[PDB]
Structure formats: structure tokens, C-alpha cells
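Engineer: I am attaching a structure below and will ask some questions about it afterwards.
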Amino acid sequence: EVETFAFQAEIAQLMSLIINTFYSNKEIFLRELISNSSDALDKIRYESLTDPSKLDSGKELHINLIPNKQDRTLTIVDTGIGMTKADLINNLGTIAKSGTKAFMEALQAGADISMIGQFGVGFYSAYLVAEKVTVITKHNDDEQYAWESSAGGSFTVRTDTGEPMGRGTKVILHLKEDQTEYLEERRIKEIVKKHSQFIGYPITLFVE
Ligand SMILES: [Mg+2]
């Protein structure tokens with residue numbers, strides 16, 4: 001059973017801007033996703049100080065980057081806090097609406113795409129390089145869900161029956177045809193070194 005939801009207008013506009021604006025420095029998408037993973041890992045870490053039981057779903061806190069040329073996907077996996085169904089449908093868009101308006105304020109008033117992360121909506125930079133984004137996520141006390149969107153104003157949520165995750169998030173980037181460079185090891189390495197070198201969690205770049 002797949003449910004289909006409309007993005008809030010403001011979020012749909014943001015996604016259209018990202019997809020349509022001429023902007024050659026597409027590589028910033030990876031730092032934004034890794035940053036989001038790091039924040040999610042911080043979050044489970046501090047929540048589990050006043051509730052150790054939140055770590056029963058997994059104690060390891062790390063990030064995997066997994067390229068698959070056969071599927072043409074780049075997956076950013078973390079064991080962070082993950083996201084509830086209530087997050088995926090409502091709470092994320094509630095928070096993102098304000099940060100989206102600030103970001104588009106600055107885009108005309110002293111800014112370029114590369115500061116999208118300072119307004120909490122860096123996730124949507126994924127559409128610089130991905131034609132479709134699939135997000136698998138598992139939060140404590142909720143089930144595992146698959147969120148999916150190829151933009152166009154809508155997204156889907158379903159219960160995930162695939163490989164169970166324990167706790168965390170997988171962002172699966174289905175790369176555009178002309179963006180397979182982000183499957184190449186040298187390229188991913190270069191980008192992580194340039195923009196993500198001081199993240200306080202292990203980042204494992206899988207090979208192949
Ligand atoms: Mg929305």
C-alpha cells in the first residue's frame with residue numbers, strides 16, 4: 001500500500017529551483033547529506049544520555065557511502081536517529097517551510113545555492129544530481145518506511161519490507177544520466193576530503 005502526498009507549495013518551489021537553476025558546482029550535495037547524517041548521529045547520541053535504552057537498536061554510530069554502477073545509485077547510510085512516519089508526512093515539511101523561505105530570501109539578497117545547508121534544507125540539494133531520491137528510515141518506536149520522490153510536486157511513503165535496518169537512514173540517490181561521476185571512487189574521495197574532512201564519525205567509502 002503506497003500513499004501519495006503533495007509537497008507544500010513552498011517545498012515544491014525549492015525543488016524546482018534546485019532542478020532548473022544553472023549551477024555547475026553540483027558536488028555540494030554530498031557534504032549536505034553527510035552533514036545531515038552527522039546531525040542525526042549527534043541526535044541519537046544525546047537523546048540516549050537520558051535514555052540508554054534508545055541504543056538497543058544499535059550502538060555503532062557511523063556513515064557509509066555505497067556506490068553501485070549497476071543500479072546507478074549512490075547511497076548515504078547512517079545509524080542516526082532516523083525519522084518517524086509523522087516526520088516524513090508532516091514534521092519535516094513544517095520545519096522546512098521556514099528554512100526554505102529564508103534560503104530563497106538570501107538567494108536574491110546575498111547568496112548562492114552552496115549555503116542551502118545553513119537553513120536546514122540541504123537535503124533537497126540531492127536533486128542537483130538525482131532524478132529520483134529514495135529514503136529508507138527507521139526510528140525507535142516506529143516502523144521502517146520508504147519515502148520516495150522524483151519531484152514534480154509529490155512524494156510517496158510506504159512501509160518498507162526490504163532489509164531491516166535496526167535504526168538509521170539510507171538516502172538512495174538515483175543519479176541522472178550525466179552525473180555518474182559521483183559513482184567513481186576518486187571523485188567521491190576528492191569531495192569528502194574537500195568538504196567533509198572533520199566529521200566526528202567514521203565515514204566508510206565502499207568500493208565498486
Ligand atoms: Mg512538504
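All residue names refer to the C-alpha cells as shown: chains lettered A, B, ... in order, residues numbered from 1 in each chain, ligands numbered from 1 in order.
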Using only C-alpha atoms and all ligand atoms, which residues have at least one atom no more than 9 Å from ligand 1? Output them as a list in words.
Structural biologist: residues 5, 6, 7, 8, 9, 10, 11, 12, 88, 89, 90, 91, 92, 93, 94, 96, 97, 154 and 155 of chain A
Engineer: Could you take the residues named above and write them with N, CA, C and O atoms, as a PDB file, in the first residue's frame?
Structural biologist:
```pdb
ATOM      1  N   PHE A   5       1.508  11.882  -1.435  1.00  0.00           N
ATOM      2  CA  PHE A   5       1.322  13.153  -0.756  1.00  0.00           C
ATOM      3  C   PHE A   5       1.808  14.294  -1.638  1.00  0.00           C
ATOM      4  O   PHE A   5       2.774  14.141  -2.396  1.00  0.00           O
ATOM      5  N   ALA A   6       1.141  15.443  -1.525  1.00  0.00           N
ATOM      6  CA  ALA A   6       1.608  16.673  -2.150  1.00  0.00           C
ATOM      7  C   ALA A   6       2.616  17.352  -1.233  1.00  0.00           C
ATOM      8  O   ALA A   6       2.369  17.479  -0.031  1.00  0.00           O
ATOM      9  N   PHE A   7       3.752  17.771  -1.793  1.00  0.00           N
ATOM     10  CA  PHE A   7       4.626  18.689  -1.071  1.00  0.00           C
ATOM     11  C   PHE A   7       3.860  19.971  -0.796  1.00  0.00           C
ATOM     12  O   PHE A   7       2.995  20.370  -1.573  1.00  0.00           O
ATOM     13  N   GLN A   8       4.176  20.623   0.317  1.00  0.00           N
ATOM     14  CA  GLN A   8       3.758  22.010   0.459  1.00  0.00           C
ATOM     15  C   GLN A   8       4.295  22.803  -0.718  1.00  0.00           C
ATOM     16  O   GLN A   8       5.376  22.515  -1.237  1.00  0.00           O
ATOM     17  N   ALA A   9       3.511  23.785  -1.162  1.00  0.00           N
ATOM     18  CA  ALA A   9       3.894  24.604  -2.311  1.00  0.00           C
ATOM     19  C   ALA A   9       5.322  25.119  -2.187  1.00  0.00           C
ATOM     20  O   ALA A   9       6.095  25.067  -3.146  1.00  0.00           O
ATOM     21  N   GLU A  10       5.681  25.629  -1.010  1.00  0.00           N
ATOM     22  CA  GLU A  10       6.995  26.247  -0.840  1.00  0.00           C
ATOM     23  C   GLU A  10       8.119  25.233  -1.055  1.00  0.00           C
ATOM     24  O   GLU A  10       9.160  25.560  -1.637  1.00  0.00           O
ATOM     25  N   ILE A  11       7.913  23.991  -0.621  1.00  0.00           N
ATOM     26  CA  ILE A  11       8.926  22.959  -0.820  1.00  0.00           C
ATOM     27  C   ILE A  11       9.010  22.569  -2.292  1.00  0.00           C
ATOM     28  O   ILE A  11      10.101  22.437  -2.853  1.00  0.00           O
ATOM     29  N   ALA A  12       7.861  22.354  -2.936  1.00  0.00           N
ATOM     30  CA  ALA A  12       7.851  22.105  -4.376  1.00  0.00           C
ATOM     31  C   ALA A  12       8.586  23.202  -5.142  1.00  0.00           C
ATOM     32  O   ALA A  12       9.306  22.911  -6.105  1.00  0.00           O
ATOM     33  N   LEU A  88       7.990  12.117   8.299  1.00  0.00           N
ATOM     34  CA  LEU A  88       8.057  12.069   6.837  1.00  0.00           C
ATOM     35  C   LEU A  88       6.891  12.809   6.190  1.00  0.00           C
ATOM     36  O   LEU A  88       7.058  13.460   5.153  1.00  0.00           O
ATOM     37  N   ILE A  89       5.710  12.723   6.791  1.00  0.00           N
ATOM     38  CA  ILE A  89       4.496  13.317   6.239  1.00  0.00           C
ATOM     39  C   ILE A  89       4.312  14.772   6.659  1.00  0.00           C
ATOM     40  O   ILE A  89       3.915  15.604   5.839  1.00  0.00           O
ATOM     41  N   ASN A  90       4.577  15.106   7.922  1.00  0.00           N
ATOM     42  CA  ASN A  90       4.194  16.403   8.480  1.00  0.00           C
ATOM     43  C   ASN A  90       5.355  17.190   9.074  1.00  0.00           C
ATOM     44  O   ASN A  90       5.555  18.353   8.706  1.00  0.00           O
ATOM     45  N   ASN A  91       6.111  16.615  10.013  1.00  0.00           N
ATOM     46  CA  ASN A  91       7.006  17.450  10.818  1.00  0.00           C
ATOM     47  C   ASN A  91       8.155  18.002   9.989  1.00  0.00           C
ATOM     48  O   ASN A  91       8.588  19.142  10.206  1.00  0.00           O
ATOM     49  N   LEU A  92       8.681  17.200   9.059  1.00  0.00           N
ATOM     50  CA  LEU A  92       9.777  17.668   8.218  1.00  0.00           C
ATOM     51  C   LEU A  92       9.356  18.878   7.394  1.00  0.00           C
ATOM     52  O   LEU A  92      10.098  19.861   7.293  1.00  0.00           O
ATOM     53  N   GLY A  93       8.177  18.811   6.768  1.00  0.00           N
ATOM     54  CA  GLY A  93       7.707  19.945   5.979  1.00  0.00           C
ATOM     55  C   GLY A  93       7.376  21.163   6.824  1.00  0.00           C
ATOM     56  O   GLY A  93       7.501  22.296   6.356  1.00  0.00           O
ATOM     57  N   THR A  94       6.945  20.946   8.067  1.00  0.00           N
ATOM     58  CA  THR A  94       6.660  22.052   8.971  1.00  0.00           C
ATOM     59  C   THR A  94       7.925  22.853   9.266  1.00  0.00           C
ATOM     60  O   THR A  94       7.939  24.088   9.168  1.00  0.00           O
ATOM     61  N   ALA A  96      10.781  22.608   7.482  1.00  0.00           N
ATOM     62  CA  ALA A  96      11.442  23.022   6.248  1.00  0.00           C
ATOM     63  C   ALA A  96      10.813  24.262   5.634  1.00  0.00           C
ATOM     64  O   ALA A  96      11.490  24.982   4.893  1.00  0.00           O
ATOM     65  N   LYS A  97       9.542  24.535   5.935  1.00  0.00           N
ATOM     66  CA  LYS A  97       8.867  25.666   5.311  1.00  0.00           C
ATOM     67  C   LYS A  97       9.523  26.990   5.695  1.00  0.00           C
ATOM     68  O   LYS A  97       9.738  27.854   4.838  1.00  0.00           O
ATOM     69  N   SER A 154       5.117  15.811  -5.736  1.00  0.00           N
ATOM     70  CA  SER A 154       4.558  14.777  -4.888  1.00  0.00           C
ATOM     71  C   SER A 154       5.654  13.842  -4.382  1.00  0.00           C
ATOM     72  O   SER A 154       6.763  13.771  -4.934  1.00  0.00           O
ATOM     73  N   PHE A 155       5.328  13.136  -3.296  1.00  0.00           N
ATOM     74  CA  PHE A 155       6.181  12.080  -2.764  1.00  0.00           C
ATOM     75  C   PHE A 155       5.310  10.927  -2.278  1.00  0.00           C
ATOM     76  O   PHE A 155       4.107  11.085  -2.065  1.00  0.00           O
TER      77      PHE A 155
END
```
Engineer: Write down as a PyMOL selection string the residues belonging to region 53-205 of chain A that are assigned strand (DSSP E) by DSSP computed on the backbone.
Structural biologist: chain A and resi 63-68+73-78+130-138+144-149+154-159+168-175+203-205
Engineer: May I have the selected residues written with C-alpha atoms, as a PDB file, in the first residue's frame?
Structural biologist:
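Listing of selection-v8.pdb after writing:
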```pdb
ATOM      1  CA  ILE A  63      28.284   6.671   7.920  1.00  0.00           C
ATOM      2  CA  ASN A  64      28.663   4.504   4.799  1.00  0.00           C
ATOM      3  CA  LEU A  65      28.920   5.779   1.231  1.00  0.00           C
ATOM      4  CA  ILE A  66      27.935   2.984  -1.163  1.00  0.00           C
ATOM      5  CA  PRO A  67      28.177   3.431  -4.950  1.00  0.00           C
ATOM      6  CA  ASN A  68      26.549   0.911  -7.296  1.00  0.00           C
ATOM      7  CA  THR A  73      22.844   4.696  -7.235  1.00  0.00           C
ATOM      8  CA  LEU A  74      24.866   6.419  -4.529  1.00  0.00           C
ATOM      9  CA  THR A  75      23.602   5.564  -1.041  1.00  0.00           C
ATOM     10  CA  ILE A  76      24.428   7.582   2.098  1.00  0.00           C
ATOM     11  CA  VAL A  77      23.755   5.305   5.083  1.00  0.00           C
ATOM     12  CA  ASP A  78      23.829   6.359   8.733  1.00  0.00           C
ATOM     13  CA  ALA A 130      19.481  12.680  -8.641  1.00  0.00           C
ATOM     14  CA  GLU A 131      16.435  12.210 -10.847  1.00  0.00           C
ATOM     15  CA  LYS A 132      14.764  10.236  -8.026  1.00  0.00           C
ATOM     16  CA  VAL A 133      15.552  10.021  -4.307  1.00  0.00           C
ATOM     17  CA  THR A 134      14.553   7.063  -2.134  1.00  0.00           C
ATOM     18  CA  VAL A 135      14.925   7.351   1.648  1.00  0.00           C
ATOM     19  CA  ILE A 136      14.748   4.264   3.883  1.00  0.00           C
ATOM     20  CA  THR A 137      14.466   5.188   7.518  1.00  0.00           C
ATOM     21  CA  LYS A 138      13.868   3.532  10.893  1.00  0.00           C
ATOM     22  CA  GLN A 144      10.747   1.157   8.828  1.00  0.00           C
ATOM     23  CA  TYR A 145       9.494   3.325   5.963  1.00  0.00           C
ATOM     24  CA  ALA A 146      10.415   4.044   2.365  1.00  0.00           C
ATOM     25  CA  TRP A 147       9.901   7.652   1.220  1.00  0.00           C
ATOM     26  CA  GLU A 148      10.338   8.407  -2.453  1.00  0.00           C
ATOM     27  CA  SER A 149      10.137  11.376  -4.781  1.00  0.00           C
ATOM     28  CA  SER A 154       4.558  14.777  -4.888  1.00  0.00           C
ATOM     29  CA  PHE A 155       6.181  12.080  -2.764  1.00  0.00           C
ATOM     30  CA  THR A 156       5.216   8.587  -1.609  1.00  0.00           C
ATOM     31  CA  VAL A 157       5.507   6.774   1.725  1.00  0.00           C
ATOM     32  CA  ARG A 158       5.162   3.027   2.266  1.00  0.00           C
ATOM     33  CA  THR A 159       6.118   0.561   4.965  1.00  0.00           C
ATOM     34  CA  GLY A 168      19.085   4.965  10.922  1.00  0.00           C
ATOM     35  CA  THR A 169      18.538   6.361   7.439  1.00  0.00           C
ATOM     36  CA  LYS A 170      19.562   5.434   3.896  1.00  0.00           C
ATOM     37  CA  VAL A 171      19.387   8.130   1.222  1.00  0.00           C
ATOM     38  CA  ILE A 172      19.465   6.369  -2.167  1.00  0.00           C
ATOM     39  CA  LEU A 173      20.357   8.787  -4.987  1.00  0.00           C
ATOM     40  CA  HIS A 174      19.190   7.514  -8.404  1.00  0.00           C
ATOM     41  CA  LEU A 175      21.663   9.575 -10.386  1.00  0.00           C
ATOM     42  CA  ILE A 203      32.805   7.537   7.008  1.00  0.00           C
ATOM     43  CA  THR A 204      33.465   4.338   5.028  1.00  0.00           C
ATOM     44  CA  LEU A 205      33.575   4.682   1.245  1.00  0.00           C
TER      45      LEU A 205
END
```
Engineer: Which of these residues is nearest to residue 34 (chain A), using only C-alpha atoms: A:189, A:139, A:72, A:195?
Structural biologist: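 Once distances to residue 34 (chain A) are computed over only C-alpha atoms, the minimum belongs to A:195.
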Engineer: Work out how far apart CA of residue 207 (chain A) and CA of residue 179 (chain A) are and give it in Å to one decimal.
Structural biologist: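 For CA of residue 207 (chain A) relative to CA of residue 179 (chain A), the distance reads 17.8 Å.
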Engineer: Nearest to residue 59 (chain A): which of A:166, A:108, A:150, A:160 is it, counting only C-alpha atoms?
Structural biologist: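 Selected residue with least distance to residue 59 (chain A): A:166.
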Engineer: If we count only C-alpha atoms and set the cut-off at 10 Å, which residues sit around residue 60 (chain A), ignoring sequence neighbours fewer than 6 positions away in its own chain? Please answer as a ChimeraX atom specification.
Structural biologist: /A:41,78-80,201-202
Engineer: Output N, CA, C and O atoms of each residue in that selection to a file, as a PDB file, in the first residue's frame.
Structural biologist:
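Generated file (result07.pdb):
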```pdb
ATOM      1  N   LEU A  41      23.264  11.519  13.901  1.00  0.00           N
ATOM      2  CA  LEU A  41      24.068  10.737  14.833  1.00  0.00           C
ATOM      3  C   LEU A  41      24.267  11.489  16.155  1.00  0.00           C
ATOM      4  O   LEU A  41      24.146  10.892  17.232  1.00  0.00           O
ATOM      5  N   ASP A  78      23.404   6.074   7.369  1.00  0.00           N
ATOM      6  CA  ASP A  78      23.829   6.359   8.733  1.00  0.00           C
ATOM      7  C   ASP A  78      23.047   5.501   9.713  1.00  0.00           C
ATOM      8  O   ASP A  78      21.984   4.967   9.383  1.00  0.00           O
ATOM      9  N   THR A  79      23.588   5.381  10.933  1.00  0.00           N
ATOM     10  CA  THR A  79      22.896   4.774  12.068  1.00  0.00           C
ATOM     11  C   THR A  79      22.436   5.831  13.068  1.00  0.00           C
ATOM     12  O   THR A  79      22.519   5.643  14.288  1.00  0.00           O
ATOM     13  N   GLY A  80      21.959   6.958  12.559  1.00  0.00           N
ATOM     14  CA  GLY A  80      21.485   8.050  13.387  1.00  0.00           C
ATOM     15  C   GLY A  80      20.101   7.800  13.955  1.00  0.00           C
ATOM     16  O   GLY A  80      19.637   6.664  14.082  1.00  0.00           O
ATOM     17  N   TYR A 201      32.583  11.230  13.032  1.00  0.00           N
ATOM     18  CA  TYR A 201      32.096   9.858  12.943  1.00  0.00           C
ATOM     19  C   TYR A 201      32.813   9.193  11.780  1.00  0.00           C
ATOM     20  O   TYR A 201      33.161   9.871  10.805  1.00  0.00           O
ATOM     21  N   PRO A 202      33.033   7.880  11.840  1.00  0.00           N
ATOM     22  CA  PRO A 202      33.668   7.183  10.714  1.00  0.00           C
ATOM     23  C   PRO A 202      32.796   7.224   9.466  1.00  0.00           C
ATOM     24  O   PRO A 202      31.580   7.018   9.530  1.00  0.00           O
TER      25      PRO A 202
END
```
Engineer: Between CA of residue 19 (chain A) and CA of residue 128 (chain A), what is the spacing in Å?
Structural biologist: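 For CA of residue 128 (chain A) relative to CA of residue 19 (chain A), the distance reads 6.0 Å.
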Engineer: Tell me, as a list in words, which residues lie within 10 Å of residue 191 (chain A), counting only C-alpha atoms; anything in the same chain fewer than 3 positions away does not count.
Structural biologist: residues 27, 28, 29, 30, 31, 182, 185, 186, 187, 188, 194, 195, 196 and 197 of chain A
Engineer: Mind pulling up the distance from CA of residue 163 (chain A) to CA of residue 54 (chain A)?
Structural biologist: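 It comes out at 20.6 Å.
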Engineer: For residue 103 (chain A), which of A:57, A:208, A:71, A:17 is the closest residue, counting only C-alpha atoms?
Structural biologist: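 For residue 103 (chain A), the nearest of the candidates is A:17.
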Engineer: From a DSSP calculation on the backbone, collect every residue of region 15-203 of chain A in helix (DSSP H, G or I) and output the set as a short mmCIF file (atom, residue, chain, number, x, y, z; two decimals) with N, CA and C atoms, in the first residue's frame.
Structural biologist:
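In the end it all went to result05.cif:
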```
data_model
loop_
_atom_site.label_atom_id
_atom_site.label_comp_id
_atom_site.auth_asym_id
_atom_site.auth_seq_id
_atom_site.Cartn_x
_atom_site.Cartn_y
_atom_site.Cartn_z
N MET A 15 12.37 22.69 -4.70
CA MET A 15 12.85 21.59 -5.52
C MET A 15 12.94 22.01 -6.98
N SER A 16 11.99 22.82 -7.46
CA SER A 16 12.05 23.27 -8.84
C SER A 16 13.22 24.22 -9.07
N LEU A 17 13.48 25.12 -8.13
CA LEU A 17 14.64 25.98 -8.23
C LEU A 17 15.92 25.16 -8.37
N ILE A 18 16.10 24.19 -7.47
CA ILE A 18 17.31 23.37 -7.50
C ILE A 18 17.45 22.66 -8.83
N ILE A 19 16.33 22.15 -9.37
CA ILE A 19 16.40 21.37 -10.60
C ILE A 19 16.63 22.27 -11.81
N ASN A 20 16.13 23.50 -11.80
CA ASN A 20 16.13 24.30 -13.01
C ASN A 20 17.24 25.34 -13.08
N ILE A 28 28.31 19.85 -4.12
CA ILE A 28 27.98 20.19 -2.74
C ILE A 28 26.87 19.31 -2.17
N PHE A 29 26.18 18.54 -3.00
CA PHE A 29 25.10 17.70 -2.48
C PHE A 29 25.64 16.72 -1.44
N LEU A 30 26.87 16.23 -1.63
CA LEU A 30 27.36 15.16 -0.77
C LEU A 30 27.66 15.69 0.63
N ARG A 31 28.29 16.86 0.74
CA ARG A 31 28.54 17.45 2.05
C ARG A 31 27.24 17.68 2.82
N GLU A 32 26.17 18.06 2.11
CA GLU A 32 24.89 18.34 2.78
C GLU A 32 24.27 17.07 3.34
N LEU A 33 24.33 15.98 2.58
CA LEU A 33 23.81 14.70 3.06
C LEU A 33 24.66 14.14 4.20
N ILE A 34 25.98 14.24 4.09
CA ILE A 34 26.85 13.76 5.16
C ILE A 34 26.64 14.59 6.42
N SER A 35 26.48 15.90 6.25
CA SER A 35 26.14 16.78 7.38
C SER A 35 24.85 16.35 8.05
N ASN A 36 23.82 16.09 7.24
CA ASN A 36 22.55 15.61 7.79
C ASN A 36 22.73 14.31 8.56
N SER A 37 23.56 13.40 8.03
CA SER A 37 23.84 12.17 8.76
C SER A 37 24.52 12.46 10.09
N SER A 38 25.54 13.33 10.08
CA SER A 38 26.26 13.66 11.30
C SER A 38 25.31 14.23 12.35
N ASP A 39 24.39 15.10 11.94
CA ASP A 39 23.44 15.69 12.89
C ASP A 39 22.54 14.62 13.49
N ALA A 40 22.06 13.70 12.65
CA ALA A 40 21.22 12.59 13.13
C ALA A 40 21.97 11.71 14.12
N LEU A 41 23.26 11.52 13.90
CA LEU A 41 24.07 10.74 14.83
C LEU A 41 24.27 11.49 16.16
N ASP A 42 24.56 12.80 16.09
CA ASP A 42 24.58 13.63 17.30
C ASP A 42 23.29 13.46 18.08
N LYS A 43 22.16 13.44 17.36
CA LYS A 43 20.85 13.45 17.98
C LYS A 43 20.58 12.16 18.75
N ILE A 44 20.88 11.02 18.14
CA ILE A 44 20.68 9.78 18.88
C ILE A 44 21.66 9.72 20.04
N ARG A 45 22.83 10.32 19.88
CA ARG A 45 23.82 10.24 20.95
C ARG A 45 23.36 11.02 22.17
N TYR A 46 22.82 12.23 21.99
CA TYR A 46 22.43 13.00 23.17
C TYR A 46 21.09 12.54 23.72
N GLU A 47 20.19 12.04 22.86
CA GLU A 47 18.94 11.51 23.39
C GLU A 47 19.20 10.29 24.26
N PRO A 52 19.34 5.36 27.99
CA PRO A 52 20.25 4.41 27.32
C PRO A 52 19.53 3.40 26.45
N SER A 53 18.27 3.10 26.76
CA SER A 53 17.51 2.10 26.03
C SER A 53 17.32 2.46 24.56
N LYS A 54 17.50 3.73 24.19
CA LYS A 54 17.39 4.13 22.79
C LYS A 54 18.49 3.54 21.93
N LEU A 55 19.56 3.02 22.53
CA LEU A 55 20.66 2.40 21.81
C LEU A 55 20.51 0.89 21.67
N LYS A 85 7.18 8.11 10.75
CA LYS A 85 6.22 8.39 9.69
C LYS A 85 5.63 9.78 9.85
N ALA A 86 5.37 10.20 11.10
CA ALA A 86 4.88 11.55 11.36
C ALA A 86 5.88 12.60 10.90
N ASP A 87 7.18 12.34 11.08
CA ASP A 87 8.21 13.19 10.48
C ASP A 87 8.03 13.28 8.97
N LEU A 88 7.99 12.12 8.30
CA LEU A 88 8.06 12.07 6.84
C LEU A 88 6.89 12.81 6.19
N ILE A 89 5.71 12.72 6.79
CA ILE A 89 4.50 13.32 6.24
C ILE A 89 4.31 14.77 6.66
N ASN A 90 4.58 15.11 7.92
CA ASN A 90 4.19 16.40 8.48
C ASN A 90 5.36 17.19 9.07
N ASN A 91 6.11 16.61 10.01
CA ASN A 91 7.01 17.45 10.82
C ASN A 91 8.16 18.00 9.99
N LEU A 92 8.68 17.20 9.06
CA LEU A 92 9.78 17.67 8.22
C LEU A 92 9.36 18.88 7.39
N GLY A 93 8.18 18.81 6.77
CA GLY A 93 7.71 19.94 5.98
C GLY A 93 7.38 21.16 6.82
N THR A 94 6.95 20.95 8.07
CA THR A 94 6.66 22.05 8.97
C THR A 94 7.92 22.85 9.27
N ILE A 95 9.01 22.16 9.61
CA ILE A 95 10.28 22.83 9.87
C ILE A 95 10.87 23.37 8.57
N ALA A 96 10.78 22.61 7.48
CA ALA A 96 11.44 23.02 6.25
C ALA A 96 10.81 24.26 5.63
N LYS A 97 9.54 24.54 5.93
CA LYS A 97 8.87 25.67 5.31
C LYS A 97 9.52 26.99 5.69
N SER A 98 9.86 27.16 6.97
CA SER A 98 10.53 28.40 7.39
C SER A 98 11.93 28.50 6.78
N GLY A 99 12.73 27.43 6.90
CA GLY A 99 14.08 27.46 6.36
C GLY A 99 14.13 27.66 4.86
N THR A 100 13.11 27.17 4.15
CA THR A 100 13.02 27.39 2.71
C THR A 100 12.80 28.87 2.38
N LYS A 101 12.02 29.57 3.21
CA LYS A 101 11.73 30.97 2.90
C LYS A 101 12.96 31.84 3.14
N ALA A 102 13.71 31.57 4.22
CA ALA A 102 14.98 32.26 4.45
C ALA A 102 15.96 32.03 3.31
N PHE A 103 16.07 30.77 2.86
CA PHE A 103 17.04 30.44 1.81
C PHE A 103 16.72 31.18 0.52
N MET A 104 15.44 31.28 0.17
CA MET A 104 15.09 31.99 -1.05
C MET A 104 15.09 33.49 -0.85
N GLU A 105 14.95 33.95 0.40
CA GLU A 105 15.26 35.33 0.73
C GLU A 105 16.69 35.65 0.36
N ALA A 106 17.64 34.86 0.86
CA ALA A 106 19.04 35.15 0.65
C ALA A 106 19.45 34.95 -0.81
N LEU A 107 18.84 33.98 -1.51
CA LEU A 107 19.21 33.74 -2.90
C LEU A 107 19.08 35.01 -3.76
N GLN A 108 18.11 35.87 -3.45
CA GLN A 108 18.07 37.19 -4.08
C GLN A 108 18.83 38.24 -3.28
N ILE A 113 23.48 28.83 -4.12
CA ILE A 113 22.95 27.53 -3.72
C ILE A 113 23.79 26.88 -2.62
N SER A 114 25.10 27.14 -2.61
CA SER A 114 26.00 26.41 -1.72
C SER A 114 25.76 26.69 -0.24
N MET A 115 24.97 27.70 0.14
CA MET A 115 24.67 27.87 1.55
C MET A 115 23.34 27.27 1.97
N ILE A 116 22.72 26.44 1.13
CA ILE A 116 21.42 25.83 1.44
C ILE A 116 21.42 25.16 2.81
N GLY A 117 22.57 24.61 3.23
CA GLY A 117 22.63 23.89 4.49
C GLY A 117 22.47 24.78 5.71
N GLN A 118 22.81 26.06 5.60
CA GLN A 118 22.64 26.94 6.75
C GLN A 118 21.17 27.19 7.08
N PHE A 119 20.24 26.71 6.25
CA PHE A 119 18.83 26.93 6.50
C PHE A 119 18.08 25.62 6.71
N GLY A 122 19.26 21.41 3.29
CA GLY A 122 20.28 20.91 2.39
C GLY A 122 19.95 19.59 1.73
N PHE A 123 19.07 18.79 2.34
CA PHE A 123 18.66 17.52 1.74
C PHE A 123 18.22 17.69 0.29
N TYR A 124 17.47 18.75 0.00
CA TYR A 124 16.94 18.90 -1.35
C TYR A 124 18.02 19.20 -2.37
N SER A 125 19.24 19.51 -1.93
CA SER A 125 20.35 19.60 -2.88
C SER A 125 20.62 18.27 -3.57
N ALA A 126 20.06 17.17 -3.06
CA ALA A 126 20.19 15.88 -3.73
C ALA A 126 19.69 15.93 -5.16
N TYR A 127 18.73 16.82 -5.45
CA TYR A 127 18.15 16.89 -6.79
C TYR A 127 19.01 17.67 -7.77
N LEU A 128 20.17 18.17 -7.32
CA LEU A 128 21.20 18.59 -8.26
C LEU A 128 21.67 17.43 -9.12
N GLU A 177 21.54 10.69 -15.75
CA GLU A 177 22.39 10.04 -16.74
C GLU A 177 23.78 10.66 -16.81
N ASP A 178 23.86 11.98 -16.80
CA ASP A 178 25.12 12.70 -16.96
C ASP A 178 25.86 12.95 -15.64
N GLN A 179 25.47 12.27 -14.55
CA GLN A 179 26.06 12.52 -13.24
C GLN A 179 26.70 11.27 -12.65
N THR A 180 27.11 10.31 -13.49
CA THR A 180 27.70 9.09 -12.95
C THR A 180 29.09 9.30 -12.38
N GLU A 181 29.68 10.49 -12.54
CA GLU A 181 30.99 10.73 -11.94
C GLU A 181 30.95 10.50 -10.43
N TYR A 182 29.79 10.68 -9.79
CA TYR A 182 29.67 10.51 -8.35
C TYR A 182 29.56 9.05 -7.95
N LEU A 183 29.75 8.13 -8.89
CA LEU A 183 29.95 6.73 -8.61
C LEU A 183 31.43 6.36 -8.57
N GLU A 185 35.31 6.29 -7.44
CA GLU A 185 35.96 6.37 -6.13
C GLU A 185 36.81 7.62 -5.99
N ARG A 186 37.62 7.93 -7.00
CA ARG A 186 38.49 9.10 -6.90
C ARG A 186 37.67 10.36 -6.69
N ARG A 187 36.52 10.45 -7.37
CA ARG A 187 35.68 11.64 -7.28
C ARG A 187 35.05 11.75 -5.89
N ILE A 188 34.47 10.66 -5.39
CA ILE A 188 33.87 10.70 -4.06
C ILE A 188 34.92 11.04 -3.02
N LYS A 189 36.10 10.41 -3.11
CA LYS A 189 37.19 10.69 -2.18
C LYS A 189 37.55 12.16 -2.20
N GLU A 190 37.77 12.70 -3.40
CA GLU A 190 38.12 14.11 -3.54
C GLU A 190 37.10 14.99 -2.82
N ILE A 191 35.82 14.71 -3.03
CA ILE A 191 34.75 15.55 -2.49
C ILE A 191 34.68 15.44 -0.97
N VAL A 192 34.83 14.23 -0.44
CA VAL A 192 34.80 14.07 1.01
C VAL A 192 35.98 14.79 1.65
N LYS A 193 37.16 14.69 1.04
CA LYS A 193 38.35 15.36 1.57
C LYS A 193 38.17 16.87 1.55
N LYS A 194 37.60 17.40 0.46
CA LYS A 194 37.47 18.85 0.30
C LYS A 194 36.47 19.43 1.29
N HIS A 195 35.30 18.79 1.45
CA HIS A 195 34.18 19.40 2.17
C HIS A 195 33.72 18.67 3.42
#
```
Engineer: So which one's closest to residue 140 (chain A), A:184, A:84, A:153, A:161? Using only C-alpha atoms, please.
Structural biologist: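 Closest to residue 140 (chain A), using only C-alpha atoms: A:84.
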